[PDB]
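Protein chains in written order, with PDB author numbering: chain A, 1 to 20; chain B, 1 to 19; chain C, 1 to 20. Even for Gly, the Cβ is constructed at its ideal location relative to N, Cα and C. Structure first, commentary second.
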Amino acid sequence: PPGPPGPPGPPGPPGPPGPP
Amino acid sequence: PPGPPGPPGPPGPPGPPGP
Amino acid sequence: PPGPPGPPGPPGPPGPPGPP
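Right, here's the structure in full:
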């Protein structure tokens with residue numbers, strides 16, 4: 001049989017700047 | 001063998017308003 | 001055979017504060 005799933009991916013980048 | 005890591009997460013949410 | 005890729009990473013952190 002196939003091996004198991006790999007681990008989770010890394011966290012995404014920061015979100016965008018807030019508004020003024 | 002185990003598979004590769006999954007993909008990057010999405011961007012986070014917006015920062016807060018400025019001063 | 002190799003397992004499949006893992007699941008997605010989590011969201012990134014919040015963006016920075018907006019300008020004045």
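* To do: Please decide whether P14/A counts as near chain B, where near means a Cβ-Cβ distance under 8 Å.
  => yes
* Kindly list, in the order they appear in chain B, the residues whose Cβ is closer than 9 Å to that of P20/A. => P17, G18
* What's the gap between the Cα of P2/A and the Cα of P17/C? -> 46 Å
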